[PDB]
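A.B. asks: Just so it is clear, I am handing over data.cif, which has mmCIF, C-alpha atoms and all ligand atoms.
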data_data
loop_
_atom_site.label_atom_id
_atom_site.label_comp_id
_atom_site.auth_asym_id
_atom_site.auth_seq_id
_atom_site.Cartn_x
_atom_site.Cartn_y
_atom_site.Cartn_z
CA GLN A 2 -5.72 14.29 -0.47
CA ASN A 3 -5.88 12.99 3.12
CA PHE A 4 -6.29 9.28 2.94
CA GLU A 5 -8.21 7.04 5.21
CA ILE A 6 -9.28 3.45 4.51
CA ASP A 7 -12.81 3.58 3.30
CA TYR A 8 -13.03 -0.23 2.73
CA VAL A 9 -11.09 -3.20 1.52
CA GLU A 10 -12.65 -5.18 -1.30
CA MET A 11 -11.97 -8.90 -1.82
CA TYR A 12 -13.09 -10.79 -4.91
CA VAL A 13 -14.64 -14.11 -3.94
CA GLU A 14 -15.67 -17.40 -5.70
CA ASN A 15 -18.55 -17.92 -3.32
CA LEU A 16 -20.26 -15.06 -1.55
CA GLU A 17 -22.18 -16.99 1.12
CA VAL A 18 -19.15 -19.12 2.10
CA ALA A 19 -16.87 -16.04 2.35
CA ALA A 20 -19.30 -13.75 4.14
CA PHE A 21 -20.11 -16.26 6.86
CA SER A 22 -16.53 -17.27 7.26
CA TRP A 23 -15.86 -13.62 8.35
CA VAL A 24 -19.07 -13.49 10.41
CA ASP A 25 -18.48 -16.88 12.14
CA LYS A 26 -14.67 -17.06 12.63
CA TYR A 27 -13.97 -13.32 13.09
CA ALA A 28 -17.26 -11.79 14.34
CA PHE A 29 -17.91 -9.32 11.52
CA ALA A 30 -21.42 -7.94 11.10
CA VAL A 31 -23.38 -7.70 7.86
CA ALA A 32 -23.92 -4.03 7.02
CA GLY A 33 -25.22 -3.81 3.47
CA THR A 34 -25.46 -5.37 0.06
CA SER A 35 -25.08 -4.35 -3.53
CA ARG A 36 -26.20 -6.24 -6.61
CA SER A 37 -26.30 -5.62 -10.30
CA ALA A 38 -26.58 -7.68 -13.48
CA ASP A 39 -22.85 -8.51 -13.04
CA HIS A 40 -22.06 -9.04 -9.36
CA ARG A 41 -23.36 -9.63 -5.87
CA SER A 42 -21.55 -7.96 -2.88
CA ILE A 43 -21.80 -7.61 0.80
CA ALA A 44 -20.34 -4.99 3.12
CA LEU A 45 -19.14 -6.39 6.46
CA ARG A 46 -18.29 -4.20 9.49
CA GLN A 47 -16.31 -4.54 12.79
CA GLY A 48 -14.87 -1.48 14.66
CA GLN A 49 -13.38 0.63 11.84
CA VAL A 50 -12.84 -2.27 9.33
CA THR A 51 -15.22 -2.29 6.37
CA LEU A 52 -14.66 -5.42 4.30
CA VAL A 53 -16.44 -5.70 0.96
CA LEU A 54 -16.86 -9.16 -0.64
CA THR A 55 -17.73 -9.29 -4.33
CA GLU A 56 -18.70 -12.30 -6.42
CA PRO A 57 -18.91 -11.72 -10.29
CA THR A 58 -22.05 -13.25 -11.88
CA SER A 59 -21.02 -12.21 -15.37
CA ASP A 60 -17.78 -12.41 -17.33
CA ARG A 61 -18.23 -8.61 -17.88
CA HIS A 62 -17.11 -8.00 -14.24
CA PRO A 63 -13.29 -7.64 -13.66
CA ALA A 64 -13.54 -10.26 -10.75
CA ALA A 65 -14.09 -13.14 -13.25
CA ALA A 66 -10.60 -12.74 -14.70
CA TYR A 67 -9.17 -11.93 -11.25
CA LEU A 68 -10.59 -15.17 -9.69
CA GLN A 69 -9.32 -17.24 -12.58
CA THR A 70 -5.77 -15.83 -12.02
CA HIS A 71 -5.60 -15.66 -8.22
CA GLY A 72 -8.55 -17.44 -6.50
CA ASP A 73 -10.04 -15.11 -3.76
CA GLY A 74 -7.97 -12.06 -2.85
CA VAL A 75 -7.81 -8.37 -2.22
CA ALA A 76 -8.69 -6.40 -5.32
CA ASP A 77 -9.26 -2.76 -4.12
CA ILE A 78 -7.94 -0.84 -1.13
CA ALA A 79 -10.38 2.02 -1.27
CA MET A 80 -9.36 5.37 0.22
CA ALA A 81 -11.53 8.17 1.63
CA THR A 82 -10.40 11.71 0.69
CA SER A 83 -12.13 15.17 0.83
CA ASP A 84 -11.54 16.06 -2.86
CA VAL A 85 -11.43 13.10 -5.23
CA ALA A 86 -11.06 15.06 -8.54
CA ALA A 87 -8.01 16.84 -7.05
CA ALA A 88 -6.45 13.69 -5.62
CA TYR A 89 -6.96 11.85 -8.97
CA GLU A 90 -5.66 14.70 -11.15
CA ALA A 91 -2.48 15.00 -9.01
CA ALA A 92 -1.96 11.22 -8.81
CA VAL A 93 -2.34 10.71 -12.58
CA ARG A 94 -0.05 13.68 -13.32
CA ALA A 95 2.49 12.15 -10.90
CA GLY A 96 2.38 8.82 -12.73
CA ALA A 97 -0.74 6.86 -11.51
CA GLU A 98 -2.51 4.67 -13.91
CA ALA A 99 -5.96 6.05 -14.58
CA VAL A 100 -8.51 3.27 -14.15
CA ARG A 101 -11.65 5.35 -13.86
CA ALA A 102 -12.15 9.10 -13.88
CA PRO A 103 -13.99 10.93 -11.09
CA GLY A 104 -17.78 10.90 -11.35
CA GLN A 105 -21.02 9.75 -9.76
CA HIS A 106 -21.23 6.25 -11.13
CA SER A 107 -24.44 5.28 -9.22
CA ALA A 109 -27.14 9.01 -5.88
CA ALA A 110 -23.47 8.27 -5.11
CA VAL A 111 -20.68 10.35 -3.72
CA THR A 112 -17.99 11.22 -6.19
CA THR A 113 -15.69 8.30 -6.87
CA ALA A 114 -12.53 7.59 -8.98
CA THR A 115 -10.08 4.68 -9.42
CA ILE A 116 -6.34 4.49 -9.90
CA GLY A 117 -3.86 1.57 -10.18
CA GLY A 118 -1.85 0.26 -7.17
CA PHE A 119 0.58 -2.73 -7.15
CA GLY A 120 0.06 -5.80 -9.34
CA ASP A 121 -3.58 -5.73 -10.31
CA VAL A 122 -4.90 -4.27 -7.04
CA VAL A 123 -6.49 -0.84 -7.50
CA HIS A 124 -7.47 2.13 -5.27
CA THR A 125 -10.93 3.58 -5.52
CA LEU A 126 -10.86 7.12 -4.20
CA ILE A 127 -14.12 7.98 -2.35
CA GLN A 128 -15.23 11.53 -1.56
CA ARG A 129 -15.96 11.90 2.13
CA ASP A 130 -16.08 14.97 4.42
CA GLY A 131 -15.14 12.73 7.40
CA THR A 132 -18.18 13.51 9.66
CA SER A 133 -19.42 9.85 9.99
CA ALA A 134 -19.08 6.06 9.15
CA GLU A 135 -20.60 5.55 5.71
CA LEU A 136 -21.56 2.56 3.53
CA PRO A 137 -19.48 1.96 0.40
CA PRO A 138 -21.17 3.72 -2.59
CA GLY A 139 -24.06 1.78 -4.14
CA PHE A 140 -24.76 -0.35 -1.00
CA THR A 141 -28.05 -0.33 0.89
CA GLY A 142 -28.20 -1.19 4.59
CA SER A 143 -26.77 0.45 7.67
CA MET A 144 -23.42 0.97 9.41
CA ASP A 145 -25.24 0.84 12.78
CA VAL A 146 -24.95 -2.97 12.97
CA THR A 147 -23.16 -5.28 15.36
CA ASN A 148 -22.54 -8.97 15.86
CA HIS A 149 -23.95 -9.77 19.39
CA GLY A 150 -22.26 -13.18 19.19
CA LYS A 151 -18.84 -11.36 19.08
CA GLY A 152 -17.95 -12.52 22.63
CA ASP A 153 -14.36 -11.58 23.50
CA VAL A 154 -13.20 -10.67 19.89
CA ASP A 155 -12.78 -6.92 19.33
CA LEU A 156 -10.99 -6.09 16.06
CA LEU A 157 -10.54 -2.31 15.99
CA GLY A 158 -9.29 -1.50 12.45
CA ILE A 159 -6.78 -2.39 9.87
CA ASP A 160 -3.27 -1.67 10.91
CA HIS A 161 -1.49 -2.43 7.63
CA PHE A 162 -1.41 -4.52 4.47
CA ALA A 163 1.66 -6.67 3.65
CA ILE A 164 2.32 -6.93 0.02
CA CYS A 165 4.56 -9.32 -2.06
CA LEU A 166 6.25 -7.75 -5.10
CA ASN A 167 8.34 -9.38 -7.83
CA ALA A 168 12.15 -8.96 -7.35
CA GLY A 169 13.32 -5.58 -8.72
CA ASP A 170 9.84 -3.99 -8.08
CA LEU A 171 10.24 -2.72 -4.49
CA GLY A 172 12.21 0.51 -5.23
CA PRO A 173 9.76 1.64 -8.00
CA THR A 174 6.58 0.78 -6.06
CA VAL A 175 7.91 2.78 -3.06
CA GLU A 176 8.49 5.71 -5.42
CA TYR A 177 5.05 5.42 -6.96
CA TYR A 178 3.32 5.60 -3.57
CA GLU A 179 5.57 8.57 -2.55
CA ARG A 180 5.12 10.61 -5.77
CA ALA A 181 1.57 9.78 -6.81
CA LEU A 182 -0.06 9.60 -3.40
CA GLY A 183 2.14 11.53 -0.92
CA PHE A 184 3.10 8.40 1.12
CA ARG A 185 6.38 8.42 3.06
CA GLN A 186 8.95 5.69 3.76
CA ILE A 187 8.83 5.03 7.51
CA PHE A 188 10.60 1.70 7.99
CA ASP A 189 12.76 -0.79 6.08
CA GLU A 190 14.14 -4.23 6.91
CA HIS A 191 16.27 -6.82 5.26
CA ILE A 192 14.73 -10.13 6.43
CA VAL A 193 16.64 -13.47 6.71
CA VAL A 194 15.14 -16.94 7.28
CA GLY A 195 17.77 -19.70 6.86
CA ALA A 196 19.23 -19.42 3.37
CA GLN A 197 16.40 -17.25 2.04
CA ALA A 198 16.15 -13.45 2.36
CA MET A 199 13.68 -10.58 1.63
CA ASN A 200 13.95 -6.81 1.20
CA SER A 201 11.16 -4.75 2.63
CA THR A 202 10.15 -1.09 2.95
CA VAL A 203 7.04 0.34 4.65
CA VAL A 204 5.25 3.34 3.02
CA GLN A 205 2.49 5.13 4.85
CA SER A 206 -0.02 7.84 3.83
CA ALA A 207 0.64 11.35 5.24
CA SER A 208 -2.40 10.95 7.53
CA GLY A 209 -0.92 7.81 9.20
CA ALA A 210 -3.95 5.73 8.20
CA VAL A 211 -2.89 3.61 5.19
CA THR A 212 0.26 1.49 5.74
CA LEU A 213 1.81 -0.97 3.32
CA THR A 214 4.59 -3.27 4.20
CA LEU A 215 6.14 -4.00 0.79
CA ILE A 216 8.28 -7.13 0.45
CA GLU A 217 10.25 -8.55 -2.47
CA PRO A 218 12.52 -11.64 -2.70
CA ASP A 219 16.26 -10.97 -2.23
CA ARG A 220 17.76 -12.39 -5.41
CA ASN A 221 21.15 -12.79 -3.62
CA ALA A 222 19.69 -15.57 -1.36
CA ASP A 223 17.74 -18.84 -2.09
CA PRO A 224 14.08 -18.59 -3.19
CA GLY A 225 11.52 -18.96 -0.37
CA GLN A 226 8.16 -17.73 0.97
CA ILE A 227 7.78 -14.58 -1.19
CA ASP A 228 8.74 -16.56 -4.33
CA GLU A 229 6.16 -19.21 -3.40
CA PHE A 230 3.50 -16.48 -2.91
CA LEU A 231 4.35 -14.91 -6.25
CA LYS A 232 4.18 -18.25 -8.07
CA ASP A 233 0.94 -19.53 -6.35
CA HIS A 234 -0.90 -16.09 -6.42
CA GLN A 235 0.41 -15.59 -9.97
CA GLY A 236 1.61 -12.06 -9.38
CA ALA A 237 2.25 -9.31 -6.86
CA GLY A 238 -0.56 -9.11 -4.27
CA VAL A 239 -1.73 -8.73 -0.71
CA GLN A 240 -0.12 -11.40 1.40
CA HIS A 241 -1.79 -10.43 4.75
CA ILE A 242 -4.01 -7.85 6.38
CA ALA A 243 -3.22 -6.88 10.04
CA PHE A 244 -6.08 -6.08 12.43
CA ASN A 245 -5.55 -3.89 15.58
CA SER A 246 -6.66 -5.00 18.95
CA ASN A 247 -6.41 -3.66 22.49
CA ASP A 248 -5.14 -7.05 23.71
CA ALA A 249 -3.61 -9.60 21.32
CA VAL A 250 -3.54 -12.43 23.93
CA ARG A 251 -7.27 -12.19 24.57
CA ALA A 252 -8.00 -11.92 20.76
CA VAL A 253 -6.01 -15.05 20.05
CA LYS A 254 -8.03 -16.94 22.74
CA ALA A 255 -11.42 -15.63 21.47
CA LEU A 256 -10.60 -16.22 17.76
CA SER A 257 -9.17 -19.72 18.48
CA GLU A 258 -12.50 -20.80 19.99
CA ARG A 259 -14.29 -19.62 16.88
CA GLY A 260 -12.12 -21.90 14.70
CA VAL A 261 -9.19 -19.63 13.62
CA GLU A 262 -5.88 -21.47 13.55
CA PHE A 263 -2.73 -19.40 14.47
CA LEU A 264 0.90 -20.17 13.53
CA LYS A 265 3.05 -22.03 16.11
CA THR A 266 6.19 -20.51 17.69
CA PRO A 267 8.54 -23.08 19.42
CA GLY A 268 9.39 -22.87 23.22
CA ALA A 269 13.07 -22.05 22.42
CA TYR A 270 11.77 -18.56 21.39
CA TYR A 271 10.07 -17.86 24.72
CA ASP A 272 13.23 -19.19 26.54
CA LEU A 273 15.41 -16.65 24.69
CA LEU A 274 12.88 -13.83 25.31
CA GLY A 275 13.37 -12.33 28.81
CA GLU A 276 17.00 -11.62 27.94
CA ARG A 277 15.88 -9.68 24.78
CA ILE A 278 12.96 -7.65 26.07
CA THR A 279 11.36 -6.97 29.41
CA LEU A 280 7.58 -7.23 28.93
CA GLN A 281 5.27 -4.41 30.00
CA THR A 282 1.70 -5.50 29.38
CA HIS A 283 1.50 -9.33 29.20
CA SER A 284 3.08 -12.23 31.12
CA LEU A 285 5.60 -14.48 29.42
CA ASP A 286 3.10 -17.27 30.26
CA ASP A 287 0.25 -15.66 28.31
CA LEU A 288 2.46 -15.24 25.19
CA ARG A 289 3.78 -18.78 25.35
CA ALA A 290 0.20 -20.12 25.51
CA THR A 291 -1.03 -18.05 22.53
CA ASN A 292 2.15 -18.15 20.36
CA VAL A 293 2.04 -14.28 20.36
CA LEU A 294 5.35 -12.54 19.44
CA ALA A 295 6.79 -9.54 21.40
CA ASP A 296 9.12 -6.70 20.19
CA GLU A 297 9.72 -2.99 20.63
CA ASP A 298 10.00 0.35 18.79
CA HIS A 299 11.36 3.71 20.01
CA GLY A 300 7.73 4.35 20.94
CA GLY A 301 6.79 1.27 22.98
CA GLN A 302 5.91 -2.39 22.53
CA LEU A 303 4.45 -4.44 19.75
CA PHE A 304 2.55 -7.77 19.94
CA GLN A 305 1.83 -9.61 16.66
CA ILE A 306 0.65 -13.02 15.37
CA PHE A 307 -0.06 -14.60 11.99
CA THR A 308 -3.05 -16.85 11.13
CA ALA A 309 -2.54 -20.03 9.08
CA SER A 310 -3.84 -19.52 5.55
CA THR A 311 -7.18 -21.13 4.79
CA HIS A 312 -7.04 -20.12 1.14
CA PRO A 313 -7.04 -23.07 -1.36
CA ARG A 314 -3.64 -21.83 -2.73
CA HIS A 315 -2.40 -21.08 0.79
CA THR A 316 -1.66 -17.50 -0.22
CA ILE A 317 -3.38 -14.79 1.90
CA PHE A 318 -3.52 -14.90 5.68
CA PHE A 319 -4.24 -12.45 8.52
CA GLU A 320 -2.53 -10.95 11.50
CA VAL A 321 -3.58 -9.76 14.91
CA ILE A 322 -1.46 -6.84 16.20
CA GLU A 323 -1.58 -4.86 19.49
CA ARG A 324 0.51 -1.68 19.74
CA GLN A 325 1.44 -0.39 23.18
CA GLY A 326 3.05 2.83 21.93
CA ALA A 327 5.01 1.07 19.13
CA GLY A 328 4.72 3.33 16.11
CA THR A 329 6.32 1.12 13.40
CA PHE A 330 7.64 -2.54 13.44
CA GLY A 331 10.60 -4.54 14.85
CA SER A 332 13.26 -6.81 13.48
CA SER A 333 12.70 -9.55 16.00
CA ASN A 334 8.91 -9.80 15.42
CA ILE A 335 9.42 -9.79 11.66
CA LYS A 336 12.10 -12.43 11.73
CA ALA A 337 9.93 -14.62 14.04
CA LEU A 338 6.74 -14.10 11.97
CA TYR A 339 8.41 -15.33 8.85
CA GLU A 340 10.03 -18.14 10.78
CA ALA A 341 6.56 -19.25 11.99
CA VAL A 342 5.54 -19.24 8.30
CA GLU A 343 8.61 -21.25 7.29
CA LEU A 344 7.90 -23.82 10.05
CA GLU A 345 4.28 -24.26 8.91
CA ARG A 346 5.16 -24.72 5.24
CA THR A 347 8.42 -26.68 5.26
CA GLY A 348 7.91 -28.46 8.57
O1 LIG B 401 3.69 -7.67 10.11
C1 LIG B 401 4.88 -7.48 9.81
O2 LIG B 401 5.74 -7.35 10.72
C2 LIG B 401 5.21 -7.42 8.33
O3 LIG B 401 3.98 -6.99 7.72
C3 LIG B 401 6.36 -6.54 7.95
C4 LIG B 401 7.16 -6.89 6.87
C5 LIG B 401 8.22 -6.09 6.51
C6 LIG B 401 8.47 -4.87 7.24
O4 LIG B 401 9.49 -4.02 6.94
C7 LIG B 401 7.65 -4.51 8.30
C8 LIG B 401 6.59 -5.33 8.66
CO CO B 402 2.16 -7.64 9.12
#
Would you kindly transcribe this structure into structure tokens?

C.D. replies:
Amino acid sequence: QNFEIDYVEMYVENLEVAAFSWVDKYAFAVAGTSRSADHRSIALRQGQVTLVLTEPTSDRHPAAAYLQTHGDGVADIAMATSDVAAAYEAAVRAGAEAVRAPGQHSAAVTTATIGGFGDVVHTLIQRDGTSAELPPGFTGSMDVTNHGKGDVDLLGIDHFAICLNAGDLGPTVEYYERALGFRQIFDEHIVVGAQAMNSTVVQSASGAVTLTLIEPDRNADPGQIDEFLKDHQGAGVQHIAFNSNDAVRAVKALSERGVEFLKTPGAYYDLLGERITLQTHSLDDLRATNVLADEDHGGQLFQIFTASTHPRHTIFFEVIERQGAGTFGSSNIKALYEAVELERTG
């Protein structure tokens, strides 16, 4: 198959609170809805991000048990492919858990579902790639916009960061490589004080689905990833990164709409000009927005984390601008997790 993100589905306790949190704080548009005897859902749209929010209204629906375990979270990273039956057959033969066999399932395109990490799944969606399309079963239109968007301009999803139980990284990397044709593109041993993490990035052959997989290092003290695993009650999506053309301007625009970003101390910006010589922003700009700067063989990388507004403080989001950077960088990653540590330990 040749995987693109069709949509990301989150399971939610409260549809109207979640939908308008994305509309109001992040400038998503409402695109479509889907309802049955067991759920109500909305499809939200901005740039190339399609977010689906689903609230179960019956204990039949798998979200009821998910919400009881996790609170709100990502449940399905759905992938567009040209031949779903082929992609499924090959994935299952290579080891994928079969969750639902290819079929209509609603005048729908052909759809199937396989397992992913933890309890997150992947719906495979048949698309010929000629156009933006609503998730299957949804009525509405993809030609929608939020005219109150102002200066916020989220372009797409850059990657998903995922927390795994210790000892699960190596085998989850291998699963994505064998079942789905993903490749290992980056890896990083992360240290924050006396805690550490192991991480490996797998990415679909198309470039379009990236997962930054992280497990606790059992040789160091327990920290952030252990906390996530305990509070979430399992492996899961820790953050989603959204692309922008200009991270400084996105932080400003999102801040005004109510989004709180993590703080990075002035010491970091003092140390900076000796580490990297900036190419698209001023050191002043970065300092003011707590945006982090690093570099790849390919160019520069600007990233920032959002403070979690989840009741368990689990999932959070990231704004990322790539100026030729193709992967990630040690200094950004160390600083991102040090922002997290600062927020949570003080
Ligand atoms: O946003 C990041 O930098 C984070 O998702 C990440 C974690 C581990 C890694 O190897 C690369 C990136
Ligand atoms: Co990230």

A.B. asks: Name the residues in contact with residue 12 (chain A) at a cut-off of 10 Å, using only C-alpha atoms, excluding same-chain residues fewer than 2 positions from it; report them as a list in words.

C.D. replies: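 The residues that qualify are residues 10, 14, 15, 16, 19, 42, 53, 54, 55, 56, 57, 63, 64, 65, 67, 68, 71, 72, 73, 74, 75, 76 and 77 of chain A.
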
A.B. asks: Would you save the residues of that selection, restricted to C-alpha atoms, as a PDB file, in the frame of the given file?

C.D. replies:
ATOM      1  CA  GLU A  10     -12.650  -5.180  -1.300  1.00  0.00           C
ATOM      2  CA  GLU A  14     -15.670 -17.400  -5.700  1.00  0.00           C
ATOM      3  CA  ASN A  15     -18.550 -17.920  -3.320  1.00  0.00           C
ATOM      4  CA  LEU A  16     -20.260 -15.060  -1.550  1.00  0.00           C
ATOM      5  CA  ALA A  19     -16.870 -16.040   2.350  1.00  0.00           C
ATOM      6  CA  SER A  42     -21.550  -7.960  -2.880  1.00  0.00           C
ATOM      7  CA  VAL A  53     -16.440  -5.700   0.960  1.00  0.00           C
ATOM      8  CA  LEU A  54     -16.860  -9.160  -0.640  1.00  0.00           C
ATOM      9  CA  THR A  55     -17.730  -9.290  -4.330  1.00  0.00           C
ATOM     10  CA  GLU A  56     -18.700 -12.300  -6.420  1.00  0.00           C
ATOM     11  CA  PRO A  57     -18.910 -11.720 -10.290  1.00  0.00           C
ATOM     12  CA  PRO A  63     -13.290  -7.640 -13.660  1.00  0.00           C
ATOM     13  CA  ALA A  64     -13.540 -10.260 -10.750  1.00  0.00           C
ATOM     14  CA  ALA A  65     -14.090 -13.140 -13.250  1.00  0.00           C
ATOM     15  CA  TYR A  67      -9.170 -11.930 -11.250  1.00  0.00           C
ATOM     16  CA  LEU A  68     -10.590 -15.170  -9.690  1.00  0.00           C
ATOM     17  CA  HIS A  71      -5.600 -15.660  -8.220  1.00  0.00           C
ATOM     18  CA  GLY A  72      -8.550 -17.440  -6.500  1.00  0.00           C
ATOM     19  CA  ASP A  73     -10.040 -15.110  -3.760  1.00  0.00           C
ATOM     20  CA  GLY A  74      -7.970 -12.060  -2.850  1.00  0.00           C
ATOM     21  CA  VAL A  75      -7.810  -8.370  -2.220  1.00  0.00           C
ATOM     22  CA  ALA A  76      -8.690  -6.400  -5.320  1.00  0.00           C
ATOM     23  CA  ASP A  77      -9.260  -2.760  -4.120  1.00  0.00           C
TER      24      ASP A  77
END

A.B. asks: Looking at all atoms listed in the file, which of A:175, A:237, A:309, A:50 is the one that sits closest to residue 261 (chain A)?

C.D. replies: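 The answer is A:309, which sits nearest to residue 261 (chain A).
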
A.B. asks: Compile the contact shell of residue 251 (chain A) as a count of residues only: residues with an atom at most 9 Å away, counting all atoms listed in the file, same-chain residues fewer than 4 positions apart removed.

C.D. replies: 6

A.B. asks: Between A:348, A:331, A:118, A:224, which one has atoms that come closest to ligand CO 402 (chain B), using only C-alpha atoms and all ligand atoms?

C.D. replies: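 Smallest distance to ligand CO 402 (chain B) is found for A:331.
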
A.B. asks: Calculate how many Å separate CA of residue 169 (chain A) from CA of residue 216 (chain A), rounding to one decimal.

C.D. replies: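 Going from CA of residue 169 (chain A) over to CA of residue 216 (chain A), I get 10.6 Å.
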
A.B. asks: I'd like the interatomic distance between CA of residue 51 (chain A) and CA of residue 158 (chain A), to a tenth of an Å.

C.D. replies: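 Atom-to-atom, CA of residue 51 (chain A) to CA of residue 158 (chain A), that is 8.5 Å.
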
A.B. asks: Pull the closest atom pair for each residue of chain A that gets at most 7 Å from ligand LIG 401 (chain B), along with the distance in Å to one decimal, counting only C-alpha atoms and all ligand atoms, ordering rows by chain and then ascending residue number, as a tab-separated table.

C.D. replies:
residue	atom	partner	partner_atom	distance
A:162	CA	B:LIG401	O3	6.8
A:163	CA	B:LIG401	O3	4.7
A:188	CA	B:LIG401	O4	5.9
A:189	CA	B:LIG401	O4	4.7
A:190	CA	B:LIG401	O4	4.7
A:201	CA	B:LIG401	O4	4.7
A:202	CA	B:LIG401	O4	5.0
A:203	CA	B:LIG401	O4	5.5
A:214	CA	B:LIG401	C5	5.1
A:215	CA	B:LIG401	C5	6.4
A:216	CA	B:LIG401	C5	6.1
A:243	CA	B:LIG401	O1	7.0
A:330	CA	B:LIG401	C7	5.5
A:331	CA	B:LIG401	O2	7.0
A:334	CA	B:LIG401	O2	6.2
A:335	CA	B:LIG401	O2	4.5
A:338	CA	B:LIG401	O2	6.9

A.B. asks: Go ahead and dump the residues you just picked, C-alpha atoms, as a short mmCIF file (atom, residue, chain, number, x, y, z; two decimals), keeping the file's coordinate frame.

C.D. replies:
data_model
loop_
_atom_site.label_atom_id
_atom_site.label_comp_id
_atom_site.auth_asym_id
_atom_site.auth_seq_id
_atom_site.Cartn_x
_atom_site.Cartn_y
_atom_site.Cartn_z
CA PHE A 162 -1.41 -4.52 4.47
CA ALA A 163 1.66 -6.67 3.65
CA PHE A 188 10.60 1.70 7.99
CA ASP A 189 12.76 -0.79 6.08
CA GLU A 190 14.14 -4.23 6.91
CA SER A 201 11.16 -4.75 2.63
CA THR A 202 10.15 -1.09 2.95
CA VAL A 203 7.04 0.34 4.65
CA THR A 214 4.59 -3.27 4.20
CA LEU A 215 6.14 -4.00 0.79
CA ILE A 216 8.28 -7.13 0.45
CA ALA A 243 -3.22 -6.88 10.04
CA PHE A 330 7.64 -2.54 13.44
CA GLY A 331 10.60 -4.54 14.85
CA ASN A 334 8.91 -9.80 15.42
CA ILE A 335 9.42 -9.79 11.66
CA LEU A 338 6.74 -14.10 11.97
#

A.B. asks: If I take CA of residue 211 (chain A) and CA of residue 4 (chain A), how far is one from the other in Å, to one decimal?

C.D. replies: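 Separation between CA of residue 211 (chain A) and CA of residue 4 (chain A): 7.0 Å.
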
A.B. asks: For ligand CO 402 (chain B), collect every residue having any atom at a distance of at most 12 Å from a ligand atom (counting all atoms listed in the file); output as a PyMOL selection string.

C.D. replies: chain A and resi 159-165+201+203+212-216+239-245+294+303-308+317-323+329-332+334-339

A.B. asks: A:208, A:284, A:107, A:221: which is nearest residue 137 (chain A), counting all atoms listed in the file?

C.D. replies: A:107

A.B. asks: Considering only C-alpha atoms, state which residue in the set A:92, A:139, A:166, A:289 is at the smallest distance from residue 270 (chain A).

C.D. replies: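 Smallest distance to residue 270 (chain A) is found for A:289.
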
A.B. asks: Please list as a VMD selection string every residue within 12 Å of residue 232 (chain A), counting only C-alpha atoms and excluding residues in the same chain fewer than 2 positions away.

C.D. replies: chain A and resid 70 to 71 165 to 167 218 224 to 230 234 to 238 314 to 316

A.B. asks: As number ranges by chain, please: the residues near residue 151 (chain A) (cut-off 10 Å, only C-alpha atoms, same-chain neighbours under 4 positions excluded).

C.D. replies: A: 24-30, 47, 147, 155-156, 255-256, 259

A.B. asks: Any chance you could work out the axis-aligned box around region 124-142 of chain A, listed atoms only, 5 Å on each side, giving centre and edge lengths in Å to one decimal, as AutoDock Vina command-line options?

C.D. replies:
--center_x -17.8 --center_y 6.9 --center_z 2.2 --size_x 30.7 --size_y 26.2 --size_z 25.5

A.B. asks: Of the candidates A:52, A:134, A:152, A:7, which shows the shortest atom-to-atom distance to residue 20 (chain A), using all atoms listed in the file?

C.D. replies: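 Distance minimum relative to residue 20 (chain A) lands on A:52.
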
A.B. asks: Missing atoms in region 236-246 of chain A: fill them in up to N, CA and C atoms and send the result as a short mmCIF file (atom, residue, chain, number, x, y, z; two decimals), in the coordinates of the input.

C.D. replies:
data_model
loop_
_atom_site.label_atom_id
_atom_site.label_comp_id
_atom_site.auth_asym_id
_atom_site.auth_seq_id
_atom_site.Cartn_x
_atom_site.Cartn_y
_atom_site.Cartn_z
N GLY A 236 1.43 -13.46 -9.30
CA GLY A 236 1.61 -12.06 -9.38
C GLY A 236 1.86 -11.42 -8.05
N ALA A 237 2.00 -10.08 -8.09
CA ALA A 237 2.25 -9.31 -6.86
C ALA A 237 0.85 -9.26 -6.20
N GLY A 238 0.75 -9.14 -4.88
CA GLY A 238 -0.56 -9.11 -4.27
C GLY A 238 -0.46 -8.96 -2.79
N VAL A 239 -1.64 -8.84 -2.17
CA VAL A 239 -1.73 -8.73 -0.71
C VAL A 239 -1.53 -10.09 -0.10
N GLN A 240 -0.43 -10.22 0.63
CA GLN A 240 -0.12 -11.40 1.40
C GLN A 240 -0.88 -11.49 2.72
N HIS A 241 -0.96 -10.42 3.53
CA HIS A 241 -1.79 -10.43 4.75
C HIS A 241 -2.33 -9.07 5.06
N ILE A 242 -3.42 -9.05 5.78
CA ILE A 242 -4.01 -7.85 6.38
C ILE A 242 -3.86 -8.00 7.88
N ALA A 243 -3.34 -6.97 8.56
CA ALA A 243 -3.22 -6.88 10.04
C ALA A 243 -4.36 -6.10 10.69
N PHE A 244 -5.00 -6.70 11.69
CA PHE A 244 -6.08 -6.08 12.43
C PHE A 244 -5.59 -5.67 13.87
N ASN A 245 -5.88 -4.42 14.25
CA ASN A 245 -5.55 -3.89 15.58
C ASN A 245 -6.45 -4.48 16.63
N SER A 246 -5.86 -4.83 17.76
CA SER A 246 -6.66 -5.00 18.95
C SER A 246 -6.01 -4.35 20.16
#
